Each structure stands twice: as C-alpha cells, then as structure tokens.
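# PDB entry and its sequence, pasted below:
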Amino acid sequence: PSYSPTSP
Amino acid sequence: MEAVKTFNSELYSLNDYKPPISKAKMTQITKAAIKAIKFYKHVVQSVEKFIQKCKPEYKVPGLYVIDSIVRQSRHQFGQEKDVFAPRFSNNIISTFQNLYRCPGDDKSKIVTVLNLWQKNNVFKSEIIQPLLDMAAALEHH
C-alpha cells in the first residue's frame, strides 16, 4: 500500500 | 548526529525501493524526523539536499516526505506549533525548482500535493501560488 497525500 | 543520522538513514533508504513508496516506509521516515525534532533545521536541510541530488524518479517521493513530515508534526504538536512547515517554507522556491525536474508524467502528482496544501491550509496561499504558477509555466513551455 503506497503513500498518498490524500490519506490521514 | 545520532537522531539526525538515524533520520538520514531512513531518508536515504528510499534509494533501495522502486516508487511508488509504501505507506510503511513513509511512516518510518516520518517517525525518524519527528524524533529528531530538536534538530528540525538539519532534517529540513537533509530533505532539501536529497530532493536536489536524487534521481528523477525520487523527486515525488521526496515531496511526499515533506508532506508526511509536515502533516504528522501538525497532528502531533498542534498546527500552530509545528516547526517544519515554516522551516520548509524558507527555501521552498529552490525546492520546487528541483522537484519539477521529475519525469513529465509526475508533474501532476506535485500539483495534487500543492492543491491539498492550499485546501487544508498546510502552507499559506501566498507561498503556494507561485509554486502552482511554476507547474503551469512548464506545461506551456
């Protein structure tokens, strides 16, 4: 599961 | 440089992974930076140095490091107490000049972060707008 700026 | 060295290690370990970088790895880097908060100036310097020198494929992961550090710090210490965003803001023009050396298709990923920063008031709009203008100027050129 890759990092996303949208997620807390 | 114990705390800073442990941070430098986590940051540099991005070079051992093919992007997209995992949530798990980003968390490790972020925890290391927060633990080194006494030396936040050195942490910011290392992130900026990394972004300046890294391969094009790691530009966006370098920006995700900034985003992750800043958001965790705001969460952990309070939005108005965070030392990282104001410190990252100082050389932010230079930083984004370097980030925009990413592959062509990665430019949209930078804009997505900028739009989120503006929307969630992570950085001041005055700071963000020239960064967005920079994206657009390259699109036309």
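Perfect, I can see it now. Numbers count the residues shown, from 1 in each chain, chains lettered A, B, ... in the order given.

# Return the residues in contact with residue 1.
Picked chain A for this. Residue A:1 is in contact with B:22, B:23, B:24, counting by CB atoms under 8 Å, 6 or more residues apart in numbering or on different chains. Using the backbone N, CA and C atoms, a C-beta is placed for each residue, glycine as well.

# meant chain B actually
Residue B:1 makes contact with B:8, B:39, B:42, according to CB under 8 Å, 6+ apart.

# cool, residue B:54 as well?
Listed by CB under 8 Å, 6+ apart, the contact set of residue B:54 reads B:14, B:15, B:62.

# which residues are contacting the helix or strand containing the last one?
By that I understand residue B:62. Residue B:62 is located in helix B:59-77, with elements delineated by DSSP states H and E. The set of residues external to helix B:59-77 that reach it, using CB under 8 Å, 6+ apart, is A:3, A:5, B:11, B:14, B:19-21, B:26-27, B:29-31, B:33-34, B:37, B:43, B:47, B:50-51, B:54, B:82-85, B:88, B:95, B:98-102, B:106, B:109-110, B:113, B:116-117, B:122.
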